[PDB]
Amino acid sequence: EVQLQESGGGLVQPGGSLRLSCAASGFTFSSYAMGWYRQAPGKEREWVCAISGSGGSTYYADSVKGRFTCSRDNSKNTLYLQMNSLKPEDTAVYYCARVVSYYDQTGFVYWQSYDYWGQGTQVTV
């Protein structure tokens, strides 16, 4: 886990479509599931999506389900979050990192992030 750069866009109109991209190096991208973490201005960080190495299992939060789609191309070691039906509440900064999932005692699934960081800045979406 040597680095993780991010891209995708900035200011964008409501009800629009845009995709956010993340790059990876120093590890087998297909081996580790990657996740998108969104941090709102003045609010806490929130897990929006997580995708397995295969992509056969994709997990999304209820706050954004039905609108964003998370995809990965293991060929280029890149992470994609396609954002559609945009609303002003989705205005935040997005970050990528390696992620792992666990089941609690009652069967619900939560996600844990490998300790690292990706540096980027967004001001409107």
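Start at 1 with the first residue shown and count on from there.
- Averaged over their C-alpha atoms, the temperature factors of 111 to 119 and 98 to 106 are higher for 111 to 119.
- Two stretches are in play, 89 to 97 and 27 to 35, and the higher mean C-alpha B-factor belongs to 89 to 97.
- Split the chain's modelled residues into thirds by C-alpha temperature factor. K76 is in the lowest one.
- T58 sits in the highest third of its chain by CA B factor, as recorded in the PDB entry.
- In this PDB entry, the Cα temperature factor of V64 sits in the middle third of its chain's modelled residues.
- Sorting the modelled residues of the chain by their CA temperature factor places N84 in the highest third.
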